Each structure stands twice: as structure tokens, then as C-alpha cells.
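Right, one structure below, let's go through it.
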Amino acid sequence: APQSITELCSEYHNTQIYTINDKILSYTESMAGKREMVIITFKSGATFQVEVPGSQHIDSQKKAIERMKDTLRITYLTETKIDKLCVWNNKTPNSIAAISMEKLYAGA
Amino acid sequence: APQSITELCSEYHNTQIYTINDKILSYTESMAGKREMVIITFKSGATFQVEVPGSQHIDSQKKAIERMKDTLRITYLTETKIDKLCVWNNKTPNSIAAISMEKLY
Amino acid sequence: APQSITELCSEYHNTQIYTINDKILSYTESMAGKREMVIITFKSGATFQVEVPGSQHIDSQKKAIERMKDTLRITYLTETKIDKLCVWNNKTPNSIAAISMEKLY
Amino acid sequence: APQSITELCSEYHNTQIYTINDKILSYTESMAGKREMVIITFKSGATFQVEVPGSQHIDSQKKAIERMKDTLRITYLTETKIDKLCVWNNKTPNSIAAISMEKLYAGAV
Amino acid sequence: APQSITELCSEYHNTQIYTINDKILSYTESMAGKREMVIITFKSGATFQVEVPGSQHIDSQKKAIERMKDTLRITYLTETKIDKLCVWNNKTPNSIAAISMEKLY
């Protein structure tokens, strides 16, 4: 198993690491039919989504998607700084594949 | 996929964006049979609901409804400011379709 | 759909609105067989419960009950002030049907 | 339905109320096979568990067990004071059956 | 039932207790197909994971895994200090089997 979000992104096609290093500016959540998704944007202008569950996803991904949306909401509400985002750039807005957060009052 | 709550609202009939720009005044939650819903109101007088799961909803719009209700509760409790609300105006009170929040911290 | 907890309570028999206007004094949760419930009390002496899921509950209520119990726990932990409680008075202690929370902010 | 954790504990065999009146000292959670449980201890030395789901538990107890573990974790994290604990003393460590939490009150006893 | 994380770790093969005594430095969560996992690292350089649900895992382990990932996220967000970690060292990075947290105030 990968030990980094970067290492993890390297295993997929059409993924790309975006160094956010900032907290979420806006959180949008929809329960509208066929558009059950979450959209987050940063002051950098960057906009991402946790795309509507469908055929692009496998079964094990069902819970992961819900968890990802749970994470984005709590991250937004607690004003937690997001470090990097591994996203699929072949989707508009870019679909989130993985998220990493780092509390840096130290190093590594 | 839409990149905005406004853009998302544009894809539906009977929807309408309400610029709330305020925190939830009251949170009401019911578990009473046939009225399992959540009602939120703002000091503006505006009142909205996350309607009882019915036949008007598609299969896995089921999880989204629960999540919407989870979001409204945590938003209320944390006194988080809600920006906009895409709602279906063909329901009384207006049913929530999407919610957007932005912290200009 | 009702726009108020009071309006909602009016639709049911054996319900009654109780103006709590106070935070939860005690939170009791049981996972003991046949008594999987939650009991909350206020300094007013008032005691309420989210009764054990049974034959009087339709399947739409199943998630609502769990949500109600989730709400009471987080309300208690965050010391959030509860406004009103629509409860079924034909149960001892009174069973919670709906809860409303307001804020003078 | 009982109106108290004490009244509730009275309905069961092998149960016993412990007046903790303190916050959780340690929270231990395991996902190891056959030992999916939670263990909490207090500075009093008292140690309790939310035992691994099995035969002794029924089917509505399934969600209640998960909820109990959810409650212990949030209680621990928020440093919330636990009042009493109705536990089954026929298990080691004692298995948690119910938990009660009181929130101050200058009105007094 | 064991009464300690260390006593619990002793019941398994390929497990090992790591005394972390520190808060999580980084939290990584993936929903990418076949890599639905969580990775946490500490300033000590130590890196652990809650491995992708597979075959080693029985069935009641399904909820435990989700719970473990829920715990790591909330622990990270609240900057809570983790005491010990019982992990399976036969995986890279080491897979988390159990976690213990203490206060000592």
C-alpha cells in the first residue's frame, strides 16, 4: 500500500496532485436527483467535487465516497487546512480521489 | 457536473436560489410517523424543510437526504453561516435541494 | 408539510408540546436487551425518552429514531438549549416525537 | 420504560451500577479480528468494555452497541464527565449496558 | 476479553505495539478504486494505514474498520494525542489493529 497521497496518485491514470495548503472556502452539498454531490472551492479559485455515485465506481468505493463527503464537511466546518488533493482531472470540476491534511507545528 | 449551487439549481424545474447569508435560527426535527422531516427557519422569516422521504425521490437520493439533514443539524449547532439554498418552491415549506456555505475567513 | 413543531404536534393524537427552553440535564443511553433507549431529563424535573424501536414504529421511522437519539446526544454534549418537545404523553416517560431548538444568537 | 439508569439496571440479572462521576482516562478501540471492542478506564482503576458483538446480543442491540461505542469515543474526546454506568459484572472487564451523564446543577441534591 | 491494548496485541501473530505518545501529523484518506484506505503519519516518521477492506477481515470487522477510520479522522481533527498503536507489521505501511488514547490531564 502507498504511504503517501502522492505515491497513491501515481498509481492512477488521469489523476493529478494539487497542493492546496489552505482551508475550504466554500462547501456546497446537493441532494437534488441525479446531482447528489459535494462541491468545494478554495480562494485560489480551484473547484473540486465528489462526483455523483455511478458506474465509474466499484462497490468498495460506495462507503469511501460517503466518507469523503463526510470528511469535506467536517474539514470545512472546523476550518481545517487541507494540504494536498489527488484528483481526476478528466472531470469538471476535478473529481476528488484522495485528500491529505497536515498539522505542521513540527515537520516529518 | 455543475460547479456552483446556482448552476446546479438551473438544471431543475421548480427550483429557486435563496441567498440566506445567515445562520439557522431554529432547527426542528421530527421522528413522528409519516412526518420524519427537518424544518429550519431564519430570522428573515424564511422557512425550509428536508421533506419526508417519499416516492418523489429516486433510489439513492436516500443517502443524500440523510446527509442533508445531518448537515443542517451540525450547521445549526456550530452556528455556521449558510450562504445560499437551492430549493423546490412547489412545496410548503420550500424543500431544500442543495445548500452552499462560504467562510470568508 | 407543517412549518412548526407545534403545527406538527397538532396532527397527532396523544401528543403534547412542552416548552423546555433549557439544555439537557442528564443523558442516559442503554444498549441492554429490550431496553435500547435514550432517556433525557431537565432540571425542571421533566423526563423524556426515545422509546425502544417496536411494533408502533413504521419502517420510515427506523432512521428517524436513530437520528433523534443522535441529536439528543450531540445536543447534550454541546450544551445546546432545547426549545420545545412534541411528545406522546401516553407513554412513561413521555416519548419524544419531535424536537425544536431556537437561538437568540 | 424505566426513567433512570438505576431503575433500568434493576431489570437485569448480573448488572450493577457504578458511580463513576469522572471523565474517561483512556479509550482503547480494537478492530482486530474477533476482538472488535472498546475498552475504557478511569483513574479510579475501573476498567470497562463494550464487548464484541455475538450470541448474547440480540438484533436491535446491534445498533445500540455501535451507538454505545460512538458515545464512549465522543465522551472521551470531549472530556465529558460520565455519571453512572450500568454494567454486567459477569464479564471481564465489566461489560457496559447503559451509561448516564449529568451536567452540573447548582440547585443541588 | 483483554483489558489492555498491549494484552490485546499479545493474542495476535504479526502484531506489535508502537508507543506513539503524540498527535497525528498527517491524515490521508483515499476513495480511489482498490485503494479505499486511510494513512496517518507522525513527526517521528512512523506511517500507518487502515488497509483496504479485503479477505483477512472477517465480517464484524467490516464495521470496526469503518469505525477505526472514523476515529483516526476525529482524532486528527481534534488534535488528540494517541498513546499506543497495535499494528500488524507484516504490511507496508503497518496496518492498524487497535488504538489507545490516554489523558493524564
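Residue numbering restarts at 1 for every chain of the C-alpha cells, chains are lettered A, B, ... in their displayed order, and ligands are numbered from 1 as they appear.
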
With a distance cut-off of 8 Å and only C-alpha atoms, select the neighbouring residues of residue 31 in chain E, excluding the residue or stretch itself and same-chain residues fewer than 2 positions from it, and output the selection as a PDB file with C-alpha atoms, in the first residue's frame.
```pdb
ATOM      1  CA  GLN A  61     -15.935   2.755  -3.320  1.00  0.00           C
ATOM      2  CA  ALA A  64     -15.389   5.664   0.602  1.00  0.00           C
ATOM      3  CA  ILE A  65     -17.368   8.270  -1.351  1.00  0.00           C
ATOM      4  CA  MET A  68     -15.022  11.577   1.567  1.00  0.00           C
ATOM      5  CA  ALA A  97      -9.746  10.797  -5.312  1.00  0.00           C
ATOM      6  CA  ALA A  98      -7.808  11.389  -2.111  1.00  0.00           C
TER       7      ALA A  98
ATOM      8  CA  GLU E  29      -7.857   9.481   3.007  1.00  0.00           C
ATOM      9  CA  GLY E  33     -10.852   2.374  -6.528  1.00  0.00           C
ATOM     10  CA  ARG E  35      -7.194   1.923  -2.578  1.00  0.00           C
ATOM     11  CA  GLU E  36     -10.004   2.982  -0.282  1.00  0.00           C
ATOM     12  CA  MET E  37      -7.787   3.450   2.780  1.00  0.00           C
TER      13      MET E  37
END
```

Chain A contacts to chain B at 6 Å (only C-alpha atoms) as a VMD selection string
chain A and resid 25 to 32 92

Dump of C-alpha atoms for the selected residues, as an mmCIF file, in the first residue's frame:
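So the final result, stored in again.cif, reads:
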```cif
data_model
loop_
_atom_site.group_PDB
_atom_site.id
_atom_site.type_symbol
_atom_site.label_atom_id
_atom_site.label_comp_id
_atom_site.auth_asym_id
_atom_site.auth_seq_id
_atom_site.Cartn_x
_atom_site.Cartn_y
_atom_site.Cartn_z
ATOM 1 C CA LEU A 25 -13.578 28.498 1.116
ATOM 2 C CA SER A 26 -16.999 27.121 0.235
ATOM 3 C CA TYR A 27 -18.886 23.894 0.801
ATOM 4 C CA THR A 28 -21.819 23.040 -1.437
ATOM 5 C CA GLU A 29 -23.885 19.939 -1.000
ATOM 6 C CA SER A 30 -26.722 18.741 -3.174
ATOM 7 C CA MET A 31 -29.369 16.108 -2.675
ATOM 8 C CA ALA A 32 -31.120 17.013 -5.931
ATOM 9 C CA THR A 92 -15.319 19.019 -14.491
#
```

Please return, as a ChimeraX atom specification, all residues of chain B that DSSP assigns to strand (DSSP E) on the basis of the backbone.
/B:15-23,26-30,38-41,47-50,81-88,94-102

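Close contacts of residue 93 in chain D, defined as residues with an atom at most 10 Å away when counting only C-alpha atoms, with chain neighbours fewer than 6 positions off set aside, comprise residues 39, 40, 41, 46, 47, 48, 49, 50, 51 and 87 of chain D; 1, 2, 3 and 4 of chain E.
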
Just list the residues in range 2-74 of chain B DSSP gives alpha helix (DSSP H) on the backbone, as a PyMOL selection string.
chain B and resi 5-9+62-74

Residues near residue 93 in chain C, cut-off 9 Å, only C-alpha atoms, skip fewer than 4 positions along chain, as a short mmCIF file (atom, residue, chain, number, x, y, z; two decimals) with N, CA and C atoms, in the first residue's frame:
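Full text of out10.cif as output:
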```cif
data_model
loop_
_atom_site.label_atom_id
_atom_site.label_comp_id
_atom_site.auth_asym_id
_atom_site.auth_seq_id
_atom_site.Cartn_x
_atom_site.Cartn_y
_atom_site.Cartn_z
N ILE C 39 -32.81 8.25 27.51
CA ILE C 39 -33.63 8.99 28.46
C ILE C 39 -32.94 10.32 28.74
N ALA C 46 -38.68 17.30 34.39
CA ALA C 46 -39.20 16.63 33.21
C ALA C 46 -38.26 15.53 32.71
N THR C 47 -38.84 14.38 32.39
CA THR C 47 -38.07 13.24 31.90
C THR C 47 -38.74 12.70 30.65
N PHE C 48 -37.94 12.50 29.61
CA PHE C 48 -38.44 12.01 28.34
C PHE C 48 -37.59 10.85 27.83
N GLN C 49 -38.12 10.14 26.85
CA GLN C 49 -37.41 9.00 26.28
C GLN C 49 -37.60 8.93 24.77
N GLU C 51 -38.24 5.98 22.90
CA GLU C 51 -38.57 4.58 23.14
C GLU C 51 -37.96 3.53 22.23
N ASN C 89 -47.71 11.70 25.21
CA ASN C 89 -47.95 11.59 26.65
C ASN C 89 -48.60 10.29 27.11
N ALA D 1 -41.46 2.06 30.53
CA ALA D 1 -39.98 2.21 30.38
C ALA D 1 -39.36 2.86 31.60
N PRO D 2 -38.18 2.38 32.02
CA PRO D 2 -37.51 2.96 33.18
C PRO D 2 -37.21 4.43 32.93
N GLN D 3 -37.13 5.21 34.00
CA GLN D 3 -36.85 6.64 33.90
C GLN D 3 -35.46 6.97 34.40
#
```

Closest pair table for chain D residues within 8 Å of chain C, only C-alpha atoms, as a tab-separated table:
```
residue	atom	partner	partner_atom	distance
D:1	CA	C:92	CA	6.0
D:2	CA	C:93	CA	7.5
D:3	CA	C:93	CA	6.3
D:4	CA	C:39	CA	7.5
D:5	CA	C:28	CA	6.5
D:8	CA	C:35	CA	7.9
D:57	CA	C:33	CA	7.1
D:58	CA	C:33	CA	6.8
D:60	CA	C:36	CA	7.3
D:61	CA	C:31	CA	5.9
D:64	CA	C:31	CA	4.8
D:65	CA	C:31	CA	6.1
D:68	CA	C:31	CA	6.9
D:71	CA	C:73	CA	7.9
D:75	CA	C:77	CA	7.8
D:78	CA	C:77	CA	7.9
D:80	CA	C:77	CA	7.3
D:97	CA	C:32	CA	5.0
D:98	CA	C:30	CA	4.0
D:99	CA	C:29	CA	5.4
D:100	CA	C:28	CA	4.1
D:101	CA	C:27	CA	5.2
D:102	CA	C:26	CA	4.3
D:103	CA	C:25	CA	5.2
D:104	CA	C:25	CA	7.5
D:105	CA	C:43	CA	7.5
```

Export N, CA and C atoms of the chosen residues as a PDB file, in the first residue's frame?
```pdb
ATOM      1  N   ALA D   1     -41.455   2.058  30.532  1.00  0.00           N
ATOM      2  CA  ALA D   1     -39.983   2.212  30.382  1.00  0.00           C
ATOM      3  C   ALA D   1     -39.357   2.862  31.605  1.00  0.00           C
ATOM      4  N   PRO D   2     -38.178   2.383  32.021  1.00  0.00           N
ATOM      5  CA  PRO D   2     -37.508   2.961  33.181  1.00  0.00           C
ATOM      6  C   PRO D   2     -37.206   4.429  32.930  1.00  0.00           C
ATOM      7  N   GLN D   3     -37.129   5.209  34.001  1.00  0.00           N
ATOM      8  CA  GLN D   3     -36.849   6.640  33.898  1.00  0.00           C
ATOM      9  C   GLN D   3     -35.461   6.969  34.404  1.00  0.00           C
ATOM     10  N   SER D   4     -34.743   5.936  34.824  1.00  0.00           N
ATOM     11  CA  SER D   4     -33.416   6.100  35.388  1.00  0.00           C
ATOM     12  C   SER D   4     -32.510   4.951  34.975  1.00  0.00           C
ATOM     13  N   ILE D   5     -31.205   5.196  35.010  1.00  0.00           N
ATOM     14  CA  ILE D   5     -30.239   4.168  34.659  1.00  0.00           C
ATOM     15  C   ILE D   5     -30.246   3.139  35.770  1.00  0.00           C
ATOM     16  N   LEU D   8     -33.275   1.037  35.372  1.00  0.00           N
ATOM     17  CA  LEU D   8     -33.038   0.178  34.223  1.00  0.00           C
ATOM     18  C   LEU D   8     -32.160  -1.008  34.582  1.00  0.00           C
ATOM     19  N   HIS D  57     -25.940 -10.951  22.499  1.00  0.00           N
ATOM     20  CA  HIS D  57     -26.619  -9.760  21.999  1.00  0.00           C
ATOM     21  C   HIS D  57     -27.699 -10.168  20.999  1.00  0.00           C
ATOM     22  N   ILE D  58     -28.800  -9.417  20.966  1.00  0.00           N
ATOM     23  CA  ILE D  58     -29.886  -9.697  20.022  1.00  0.00           C
ATOM     24  C   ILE D  58     -29.692  -8.910  18.709  1.00  0.00           C
ATOM     25  N   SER D  60     -31.527  -5.748  17.828  1.00  0.00           N
ATOM     26  CA  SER D  60     -31.737  -4.305  17.956  1.00  0.00           C
ATOM     27  C   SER D  60     -30.558  -3.812  18.792  1.00  0.00           C
ATOM     28  N   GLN D  61     -29.915  -4.758  19.476  1.00  0.00           N
ATOM     29  CA  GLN D  61     -28.748  -4.474  20.287  1.00  0.00           C
ATOM     30  C   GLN D  61     -27.584  -4.187  19.357  1.00  0.00           C
ATOM     31  N   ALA D  64     -27.429  -0.519  18.952  1.00  0.00           N
ATOM     32  CA  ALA D  64     -27.197   0.037  20.276  1.00  0.00           C
ATOM     33  C   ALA D  64     -25.738  -0.112  20.687  1.00  0.00           C
ATOM     34  N   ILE D  65     -25.126  -1.233  20.312  1.00  0.00           N
ATOM     35  CA  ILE D  65     -23.726  -1.491  20.627  1.00  0.00           C
ATOM     36  C   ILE D  65     -22.848  -0.493  19.890  1.00  0.00           C
ATOM     37  N   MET D  68     -23.235   2.825  21.479  1.00  0.00           N
ATOM     38  CA  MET D  68     -22.544   2.866  22.762  1.00  0.00           C
ATOM     39  C   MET D  68     -21.078   3.175  22.540  1.00  0.00           C
ATOM     40  N   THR D  71     -20.687   6.767  21.509  1.00  0.00           N
ATOM     41  CA  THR D  71     -20.853   7.613  22.683  1.00  0.00           C
ATOM     42  C   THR D  71     -19.607   7.670  23.548  1.00  0.00           C
ATOM     43  N   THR D  75     -17.446  11.015  24.115  1.00  0.00           N
ATOM     44  CA  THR D  75     -17.404  11.395  25.519  1.00  0.00           C
ATOM     45  C   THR D  75     -15.944  11.572  25.909  1.00  0.00           C
ATOM     46  N   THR D  78     -14.344  14.691  24.057  1.00  0.00           N
ATOM     47  CA  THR D  78     -14.846  15.971  24.559  1.00  0.00           C
ATOM     48  C   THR D  78     -14.612  16.134  26.055  1.00  0.00           C
ATOM     49  N   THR D  80     -15.993  14.759  28.510  1.00  0.00           N
ATOM     50  CA  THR D  80     -17.267  14.838  29.213  1.00  0.00           C
ATOM     51  C   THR D  80     -17.269  13.887  30.407  1.00  0.00           C
ATOM     52  N   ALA D  97     -23.711  -1.785  29.869  1.00  0.00           N
ATOM     53  CA  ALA D  97     -25.097  -1.995  29.449  1.00  0.00           C
ATOM     54  C   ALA D  97     -25.809  -0.674  29.252  1.00  0.00           C
ATOM     55  N   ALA D  98     -25.414   0.329  30.025  1.00  0.00           N
ATOM     56  CA  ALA D  98     -26.025   1.651  29.937  1.00  0.00           C
ATOM     57  C   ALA D  98     -25.082   2.663  30.546  1.00  0.00           C
ATOM     58  N   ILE D  99     -25.200   3.905  30.105  1.00  0.00           N
ATOM     59  CA  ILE D  99     -24.344   4.970  30.583  1.00  0.00           C
ATOM     60  C   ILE D  99     -25.211   6.194  30.828  1.00  0.00           C
ATOM     61  N   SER D 100     -24.927   6.933  31.896  1.00  0.00           N
ATOM     62  CA  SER D 100     -25.681   8.144  32.194  1.00  0.00           C
ATOM     63  C   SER D 100     -24.673   9.246  32.429  1.00  0.00           C
ATOM     64  N   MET D 101     -25.049  10.461  32.051  1.00  0.00           N
ATOM     65  CA  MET D 101     -24.187  11.620  32.195  1.00  0.00           C
ATOM     66  C   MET D 101     -25.026  12.779  32.706  1.00  0.00           C
ATOM     67  N   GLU D 102     -24.606  13.379  33.822  1.00  0.00           N
ATOM     68  CA  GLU D 102     -25.308  14.520  34.416  1.00  0.00           C
ATOM     69  C   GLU D 102     -24.491  15.756  34.165  1.00  0.00           C
ATOM     70  N   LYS D 103     -25.166  16.877  33.957  1.00  0.00           N
ATOM     71  CA  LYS D 103     -24.482  18.118  33.629  1.00  0.00           C
ATOM     72  C   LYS D 103     -24.665  19.228  34.668  1.00  0.00           C
ATOM     73  N   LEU D 104     -23.855  19.214  35.730  1.00  0.00           N
ATOM     74  CA  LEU D 104     -23.927  20.231  36.789  1.00  0.00           C
ATOM     75  C   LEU D 104     -25.355  20.477  37.249  1.00  0.00           C
ATOM     76  N   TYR D 105     -25.533  21.500  38.084  1.00  0.00           N
ATOM     77  CA  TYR D 105     -26.833  21.908  38.640  1.00  0.00           C
ATOM     78  C   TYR D 105     -26.601  22.492  40.036  1.00  0.00           C
TER      79      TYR D 105
END
```

For residue 95 in chain A, please output as a PDB file with C-alpha atoms, in the first residue's frame all residues within 9 Å (counting only C-alpha atoms; exclusion window: fewer than 3 positions along the same chain).
```pdb
ATOM      1  CA  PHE A  48     -13.436  20.275  -6.864  1.00  0.00           C
ATOM      2  CA  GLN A  49     -16.230  17.753  -6.494  1.00  0.00           C
ATOM      3  CA  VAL A  50     -17.007  14.349  -5.039  1.00  0.00           C
ATOM      4  CA  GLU A  51     -18.932  13.142  -8.057  1.00  0.00           C
ATOM      5  CA  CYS A  86      -5.275  13.844  -5.557  1.00  0.00           C
ATOM      6  CA  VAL A  87      -7.948  14.448  -8.185  1.00  0.00           C
ATOM      7  CA  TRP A  88      -9.093  13.032 -11.519  1.00  0.00           C
ATOM      8  CA  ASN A  89      -8.615  15.927 -13.975  1.00  0.00           C
ATOM      9  CA  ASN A  90     -10.724  14.300 -16.692  1.00  0.00           C
ATOM     10  CA  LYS A  91     -13.846  15.530 -14.889  1.00  0.00           C
ATOM     11  CA  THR A  92     -15.319  19.019 -14.491  1.00  0.00           C
TER      12      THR A  92
END
```

Interatomic distance (Å, one decimal) between CA of residue 45 in chain C and CA of residue 17 in chain C:
15.9 Å
